[PDB]
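Worksheet: one structure, shown below.
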Amino acid sequence: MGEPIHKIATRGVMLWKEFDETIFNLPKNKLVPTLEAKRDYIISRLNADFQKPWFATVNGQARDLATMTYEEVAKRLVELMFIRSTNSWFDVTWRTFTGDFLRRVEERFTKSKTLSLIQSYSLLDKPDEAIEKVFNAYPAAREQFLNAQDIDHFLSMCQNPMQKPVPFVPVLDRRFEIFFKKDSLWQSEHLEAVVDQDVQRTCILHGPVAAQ
Amino acid sequence: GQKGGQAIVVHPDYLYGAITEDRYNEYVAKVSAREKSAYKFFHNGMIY
Amino acid sequence: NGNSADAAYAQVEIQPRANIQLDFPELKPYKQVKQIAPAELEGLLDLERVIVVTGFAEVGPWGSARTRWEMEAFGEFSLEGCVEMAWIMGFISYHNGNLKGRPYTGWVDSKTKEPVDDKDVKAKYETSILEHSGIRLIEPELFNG
Ligand SMILES: NC(=O)c1ccc[n+]([C@@H]2O[C@H](COP(=O)([O-])OP(=O)(O)OC[C@H]3O[C@@H](n4cnc5c(N)ncnc54)[C@H](OP(=O)(O)O)[C@@H]3O)[C@@H](O)[C@H]2O)c1
């Protein structure tokens, strides 16, 4: 909303500052062109420095949703939303995101009306086994990039208001400021749910005089 | 107007006996990547 | 026993979505492909003088090469063929955004803008697709009256 906030100058916040000066201040007509032009730079900074990394990053290689396989998408969702240290989903709504995605996979790859291999999202409390089970039934989903329809559905699911904001940036478009800035305060209390448990990615509110 | 024609098409797998395993495997990988990019293009194009 | 007794007993059904494929040729492992041609063929041909077809398409009375082949080979459309034909014929259009409040990603009826599930394309459109495809009475609207 354009309101000043005093934050510790972490890499994350220094990236936020830079984007305030160079991206978020631009008028609407110049935003999408600037994102397209700086795309590779923006992706590298998100992945290096920010608490919401670029979603479509597979083994350190920047992609797009359009150039990820269904299996790569499922595994990236588990990597970013499922906490190995506590063996749980950081938020139940993130488990529901991932289960809703795995059902889309079955729908896209099944030849006939069948039973979901994920009857309850509780099965996702062992997420690797659920992924293995869906992609063994539909092994074409390991080799095919997202149908363009499934990219749109995935991005529609990222904007579900009855859900904790996804902890990643899934696209560079007009909503980039919202993806970047929304729900930015919980990470400093839950470093276990941040990419490298890295504090330097996070937004910590703190006053410059009180800091003495 | 007496336009007669004939074409003979041969199964593409007879081409691959003409090349080495390394050439074939390089080709298979390139085609696999191109096919994935084509599906991407096709579905985007169809729906938009 | 109430709803909780039968909620965990009830089970979720997956309806298929059309996943249209380009049908690139299948490439066999080298060992299999090596057995079809004679061994002497390796290095024998000038491959600059071997002509291959790398792509093909059509526009005809049965749509594209994919839909015409389904009709020619099988006499009926798969789910992929029906959705392709419904798209070709303008019966369905894609929609991504708000539709009567709720956010929708998928096919809608081109006329009414009502959502259409892929599984319903056949029941909703197949009769129309088959009546307005192939060899049929001349339609004056296609030929300037
Ligand atoms: N005065 C100050 O110094 C100060 C400092 C810190 C924060 N604040 C205030 O505290 C409020 C929240 O701060 P913020 O920085 O976190 O703003 P924000 O980024 O806009 O807020 C987080 C938003 O994410 C959504 N959300 C988070 N978890 C969710 C869940 N589990 N399920 C569904 N939705 C979820 C909610 O939005 P939806 O309801 O839209 O889904 C919520 O409004 C703001 O009004 C802010 O101004 C003030």
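Residues are named by chain letter and number: chains run A, B, ... in the order of the structure tokens, numbers start at 1 in each chain, and ligands are numbered from 1 in the order shown.
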
Expected selection as a PyMOL selection string for ligand 1 within 10 Å, only C-alpha atoms and all ligand atoms: chain A and resi 1+3-6+90-94+159-166+178-186+203-206

Considering only C-alpha atoms, return as JSON, numbers by chain whatever protein or nucleic-acid residues lie within 9 Å of residue 121 (chain A), sequence-local ones (same chain, fewer than 5 positions apart) excluded. {"A": [95, 96, 98, 99, 100]}

Keeping only N, CA, C and O atoms, write the selected residues as a CSV table (one decimal), in the first residue's frame.
chain,number,residue,atom,x,y,z
A,95,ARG,N,-1.0,-28.2,1.8
A,95,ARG,CA,-1.3,-29.6,1.5
A,95,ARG,C,-2.5,-29.8,0.6
A,95,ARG,O,-2.4,-30.7,-0.2
A,96,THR,N,-3.5,-28.9,0.7
A,96,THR,CA,-4.7,-29.0,-0.1
A,96,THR,C,-4.3,-28.5,-1.6
A,96,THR,O,-4.9,-29.0,-2.5
A,98,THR,N,-1.4,-28.9,-3.0
A,98,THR,CA,-0.6,-30.0,-3.6
A,98,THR,C,-1.5,-31.2,-3.9
A,98,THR,O,-1.3,-31.8,-5.0
A,99,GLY,N,-2.5,-31.5,-3.1
A,99,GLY,CA,-3.5,-32.6,-3.4
A,99,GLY,C,-4.4,-32.3,-4.5
A,99,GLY,O,-4.7,-33.2,-5.3
A,100,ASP,N,-4.8,-31.0,-4.6
A,100,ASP,CA,-5.6,-30.5,-5.8
A,100,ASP,C,-4.9,-30.6,-7.1
A,100,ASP,O,-5.5,-30.7,-8.1

Apply DSSP to the structure's backbone, then extract all residues of region 72-127 of chain C labelled strand (DSSP E) and return them as a PyMOL selection string. chain C and resi 92-98+103-109

Using only C-alpha atoms, please write the residues we just selected to a file, as a JSON list (two decimals), in the first residue's frame.
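Written file, result19.json:
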[["chain", "number", "residue", "atom", "x", "y", "z"],
["C", 92, "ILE", "CA", -16.13, -24.72, -27.26],
["C", 93, "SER", "CA", -13.72, -21.92, -26.39],
["C", 94, "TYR", "CA", -11.30, -21.69, -23.57],
["C", 95, "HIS", "CA", -11.91, -19.40, -20.57],
["C", 96, "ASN", "CA", -9.48, -18.42, -17.83],
["C", 97, "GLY", "CA", -10.85, -15.95, -15.25],
["C", 98, "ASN", "CA", -14.06, -15.14, -13.32],
["C", 103, "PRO", "CA", -12.95, -18.40, -10.96],
["C", 104, "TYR", "CA", -12.99, -20.92, -13.91],
["C", 105, "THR", "CA", -10.21, -22.40, -16.07],
["C", 106, "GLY", "CA", -11.48, -24.57, -18.94],
["C", 107, "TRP", "CA", -13.78, -25.01, -21.84],
["C", 108, "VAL", "CA", -17.03, -23.10, -22.15],
["C", 109, "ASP", "CA", -19.78, -23.25, -24.75]]

Residues of chain A within 10 Å of chain B, only C-alpha atoms counted, as a list in words: residues 66, 67, 68, 69, 143, 144, 145, 146, 147, 148, 149 and 151 of chain A

Write a file of the selected residues as a PDB file, in the first residue's frame, keeping N, CA, C and O atoms.
ATOM      1  N   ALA A  66       5.596 -23.381 -17.805  1.00  0.00           N
ATOM      2  CA  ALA A  66       5.322 -23.979 -19.136  1.00  0.00           C
ATOM      3  C   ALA A  66       6.379 -25.017 -19.499  1.00  0.00           C
ATOM      4  O   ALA A  66       6.072 -25.874 -20.358  1.00  0.00           O
ATOM      5  N   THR A  67       7.545 -24.991 -18.872  1.00  0.00           N
ATOM      6  CA  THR A  67       8.673 -25.882 -19.182  1.00  0.00           C
ATOM      7  C   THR A  67       8.993 -26.717 -17.968  1.00  0.00           C
ATOM      8  O   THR A  67      10.119 -27.207 -17.851  1.00  0.00           O
ATOM      9  N   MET A  68       8.000 -26.990 -17.148  1.00  0.00           N
ATOM     10  CA  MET A  68       8.164 -28.010 -16.096  1.00  0.00           C
ATOM     11  C   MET A  68       7.246 -29.175 -16.385  1.00  0.00           C
ATOM     12  O   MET A  68       6.074 -28.945 -16.813  1.00  0.00           O
ATOM     13  N   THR A  69       7.693 -30.355 -16.031  1.00  0.00           N
ATOM     14  CA  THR A  69       6.834 -31.557 -16.041  1.00  0.00           C
ATOM     15  C   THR A  69       5.888 -31.506 -14.846  1.00  0.00           C
ATOM     16  O   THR A  69       6.159 -30.740 -13.908  1.00  0.00           O
ATOM     17  N   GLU A 143       7.114 -36.888 -18.057  1.00  0.00           N
ATOM     18  CA  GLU A 143       7.863 -36.517 -19.286  1.00  0.00           C
ATOM     19  C   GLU A 143       7.200 -35.332 -19.990  1.00  0.00           C
ATOM     20  O   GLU A 143       7.833 -34.760 -20.855  1.00  0.00           O
ATOM     21  N   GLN A 144       5.953 -35.024 -19.682  1.00  0.00           N
ATOM     22  CA  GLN A 144       5.212 -33.984 -20.405  1.00  0.00           C
ATOM     23  C   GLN A 144       5.228 -32.659 -19.626  1.00  0.00           C
ATOM     24  O   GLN A 144       5.096 -32.692 -18.442  1.00  0.00           O
ATOM     25  N   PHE A 145       5.408 -31.533 -20.298  1.00  0.00           N
ATOM     26  CA  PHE A 145       5.277 -30.211 -19.659  1.00  0.00           C
ATOM     27  C   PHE A 145       3.810 -29.986 -19.380  1.00  0.00           C
ATOM     28  O   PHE A 145       2.946 -30.643 -19.928  1.00  0.00           O
ATOM     29  N   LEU A 146       3.542 -29.123 -18.423  1.00  0.00           N
ATOM     30  CA  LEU A 146       2.168 -28.753 -18.081  1.00  0.00           C
ATOM     31  C   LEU A 146       1.400 -28.396 -19.351  1.00  0.00           C
ATOM     32  O   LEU A 146       1.863 -27.527 -20.123  1.00  0.00           O
ATOM     33  N   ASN A 147       0.269 -29.025 -19.554  1.00  0.00           N
ATOM     34  CA  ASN A 147      -0.747 -28.497 -20.464  1.00  0.00           C
ATOM     35  C   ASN A 147      -0.959 -27.011 -20.107  1.00  0.00           C
ATOM     36  O   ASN A 147      -1.077 -26.685 -18.923  1.00  0.00           O
ATOM     37  N   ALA A 148      -1.079 -26.137 -21.094  1.00  0.00           N
ATOM     38  CA  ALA A 148      -1.303 -24.692 -20.905  1.00  0.00           C
ATOM     39  C   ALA A 148      -2.532 -24.464 -19.996  1.00  0.00           C
ATOM     40  O   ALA A 148      -2.582 -23.450 -19.313  1.00  0.00           O
ATOM     41  N   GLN A 149      -3.524 -25.346 -20.065  1.00  0.00           N
ATOM     42  CA  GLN A 149      -4.717 -25.279 -19.196  1.00  0.00           C
ATOM     43  C   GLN A 149      -4.349 -25.486 -17.721  1.00  0.00           C
ATOM     44  O   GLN A 149      -4.980 -24.844 -16.881  1.00  0.00           O
ATOM     45  N   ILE A 151      -1.404 -24.848 -16.440  1.00  0.00           N
ATOM     46  CA  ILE A 151      -0.592 -23.687 -15.993  1.00  0.00           C
ATOM     47  C   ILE A 151      -1.569 -22.661 -15.425  1.00  0.00           C
ATOM     48  O   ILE A 151      -1.340 -22.194 -14.342  1.00  0.00           O
TER      49      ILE A 151
END

Shell of 12 Å around residue 79 (chain C), only C-alpha atoms, local chain residues under 3 positions omitted, as a PyMOL selection string: (chain A and resi 108-113) or (chain C and resi 15-21+67+70+76+82-86+117-123+125-126)

I need the residues from that last selection saved to file as a CSV table (one decimal), in the first residue's frame (with N, CA, C and O atoms), if you can.
chain,number,residue,atom,x,y,z
A,108,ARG,N,-5.7,-35.3,-16.0
A,108,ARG,CA,-5.1,-35.0,-17.3
A,108,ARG,C,-4.7,-36.3,-18.0
A,108,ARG,O,-4.7,-36.4,-19.2
A,109,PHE,N,-4.2,-37.3,-17.2
A,109,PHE,CA,-3.5,-38.4,-17.7
A,109,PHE,C,-4.3,-39.7,-17.7
A,109,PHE,O,-3.9,-40.7,-18.3
A,110,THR,N,-5.5,-39.7,-17.1
A,110,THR,CA,-6.4,-40.9,-17.1
A,110,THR,C,-7.2,-41.0,-18.4
A,110,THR,O,-7.6,-39.9,-18.9
A,111,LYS,N,-7.4,-42.2,-18.9
A,111,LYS,CA,-8.1,-42.4,-20.2
A,111,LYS,C,-9.6,-42.6,-19.9
A,111,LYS,O,-10.4,-42.2,-20.8
A,112,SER,N,-10.0,-43.0,-18.7
A,112,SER,CA,-11.4,-43.2,-18.3
A,112,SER,C,-11.6,-42.8,-16.8
A,112,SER,O,-10.6,-42.6,-16.1
A,113,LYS,N,-12.9,-42.5,-16.5
A,113,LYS,CA,-13.4,-42.3,-15.1
A,113,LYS,C,-12.8,-43.4,-14.3
A,113,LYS,O,-12.8,-44.6,-14.6
C,15,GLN,N,-12.6,-37.7,-13.4
C,15,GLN,CA,-13.1,-37.6,-14.8
C,15,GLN,C,-11.9,-37.2,-15.7
C,15,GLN,O,-11.2,-36.2,-15.4
C,16,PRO,N,-11.7,-37.9,-16.9
C,16,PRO,CA,-10.6,-37.6,-17.7
C,16,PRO,C,-10.7,-36.2,-18.3
C,16,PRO,O,-11.8,-35.7,-18.5
C,17,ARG,N,-9.6,-35.5,-18.5
C,17,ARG,CA,-9.5,-34.3,-19.3
C,17,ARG,C,-8.8,-34.7,-20.6
C,17,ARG,O,-7.8,-35.5,-20.6
C,18,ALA,N,-9.2,-34.1,-21.7
C,18,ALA,CA,-8.5,-34.3,-23.1
C,18,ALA,C,-7.1,-33.8,-22.9
C,18,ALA,O,-6.9,-32.6,-22.5
C,19,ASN,N,-6.1,-34.6,-23.2
C,19,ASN,CA,-4.7,-34.3,-23.3
C,19,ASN,C,-4.2,-34.5,-24.8
C,19,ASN,O,-3.6,-35.6,-25.0
C,20,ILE,N,-4.5,-33.6,-25.7
C,20,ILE,CA,-4.2,-33.8,-27.1
C,20,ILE,C,-2.7,-34.0,-27.3
C,20,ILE,O,-2.0,-33.2,-26.8
C,21,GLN,N,-2.3,-35.0,-28.0
C,21,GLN,CA,-0.9,-35.3,-28.2
C,21,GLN,C,-0.6,-35.0,-29.7
C,21,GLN,O,-1.5,-34.9,-30.5
C,67,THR,N,-7.7,-35.5,-36.4
C,67,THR,CA,-9.1,-35.9,-36.3
C,67,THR,C,-9.5,-36.7,-37.5
C,67,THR,O,-10.2,-37.7,-37.4
C,70,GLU,N,-8.3,-40.3,-36.8
C,70,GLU,CA,-9.2,-41.0,-35.8
C,70,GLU,C,-10.5,-41.5,-36.6
C,70,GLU,O,-10.8,-42.6,-36.4
C,76,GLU,N,-14.5,-43.3,-35.1
C,76,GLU,CA,-15.1,-42.5,-34.0
C,76,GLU,C,-14.0,-41.7,-33.4
C,76,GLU,O,-12.8,-42.1,-33.5
C,82,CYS,N,-12.7,-35.5,-30.0
C,82,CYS,CA,-14.0,-34.7,-29.8
C,82,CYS,C,-13.7,-33.3,-29.4
C,82,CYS,O,-14.3,-32.4,-29.9
C,83,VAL,N,-12.8,-33.1,-28.5
C,83,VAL,CA,-12.4,-31.8,-28.0
C,83,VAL,C,-11.8,-31.0,-29.1
C,83,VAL,O,-12.2,-29.9,-29.3
C,84,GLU,N,-10.9,-31.7,-29.9
C,84,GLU,CA,-10.2,-31.0,-31.0
C,84,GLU,C,-11.3,-30.6,-32.0
C,84,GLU,O,-11.3,-29.4,-32.4
C,85,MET,N,-12.2,-31.4,-32.3
C,85,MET,CA,-13.3,-31.1,-33.3
C,85,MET,C,-14.2,-30.0,-32.8
C,85,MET,O,-14.6,-29.1,-33.5
C,86,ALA,N,-14.5,-30.0,-31.5
C,86,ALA,CA,-15.4,-29.0,-30.9
C,86,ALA,C,-14.7,-27.7,-30.9
C,86,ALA,O,-15.3,-26.7,-31.1
C,117,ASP,N,-17.4,-29.6,-19.2
C,117,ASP,CA,-16.3,-30.5,-18.8
C,117,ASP,C,-15.9,-31.3,-20.1
C,117,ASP,O,-16.9,-31.5,-20.9
C,118,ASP,N,-14.7,-31.6,-20.2
C,118,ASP,CA,-14.2,-32.4,-21.3
C,118,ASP,C,-15.0,-33.7,-21.5
C,118,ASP,O,-15.5,-33.9,-22.6
C,119,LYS,N,-15.3,-34.4,-20.4
C,119,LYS,CA,-16.1,-35.7,-20.4
C,119,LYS,C,-17.5,-35.5,-21.0
C,119,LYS,O,-18.1,-36.5,-21.4
C,120,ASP,N,-18.0,-34.2,-21.0
C,120,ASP,CA,-19.4,-33.9,-21.5
C,120,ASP,C,-19.3,-33.4,-22.9
C,120,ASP,O,-20.4,-33.2,-23.5
C,121,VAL,N,-18.2,-33.2,-23.5
C,121,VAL,CA,-18.1,-32.7,-24.9
C,121,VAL,C,-18.8,-33.6,-25.8
C,121,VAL,O,-19.7,-33.2,-26.5
C,122,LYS,N,-18.5,-34.9,-25.7
C,122,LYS,CA,-19.1,-36.0,-26.5
C,122,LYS,C,-20.6,-35.9,-26.5
C,122,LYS,O,-21.3,-35.8,-27.5
C,123,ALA,N,-21.2,-36.0,-25.3
C,123,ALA,CA,-22.7,-36.0,-25.1
C,123,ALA,C,-23.2,-34.7,-25.7
C,123,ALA,O,-24.2,-34.6,-26.3
C,125,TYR,N,-21.8,-32.4,-27.8
C,125,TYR,CA,-21.5,-31.9,-29.2
C,125,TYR,C,-21.3,-32.9,-30.3
C,125,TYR,O,-21.5,-32.6,-31.4
C,126,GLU,N,-21.1,-34.2,-29.9
C,126,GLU,CA,-20.6,-35.2,-30.9
C,126,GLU,C,-21.6,-35.3,-32.0
C,126,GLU,O,-21.2,-35.4,-33.2

Can you check which residues of chain B have any atom within 6 Å of chain C? Use only C-alpha atoms and format it as a PyMOL selection string. chain B and resi 14+17-19+47

I'd like the neighbourhood of residue 58 (chain A) as a list in words, where a residue qualifies if any of its atoms comes within 10 Å (using only C-alpha atoms), though same-chain residues fewer than 6 positions away should be ignored.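 Once the nearby chain positions are removed, what remains is residues 64, 68, 72, 73, 75 and 76 of chain A.
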
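Atom pair CA of residue 138 (chain C) / CA of residue 59 (chain C): separated by 17.5 Å.
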
Please, what distance in Å, to one decimal, runs between CA of residue 127 (chain C) and CA of residue 81 (chain C)?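 Between CA of residue 127 (chain C) and CA of residue 81 (chain C) the gap works out to 13.4 Å.
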
Just how far from CA of residue 172 (chain A) is CA of residue 33 (chain A), in Å to one decimal?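 Going from CA of residue 33 (chain A) over to CA of residue 172 (chain A), I get 10.3 Å.
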
From a DSSP calculation on the backbone, collect every residue of region 47-121 of chain C in alpha helix (DSSP H) and output the set as a ChimeraX atom specification. /C:65-74,79-88,118-121
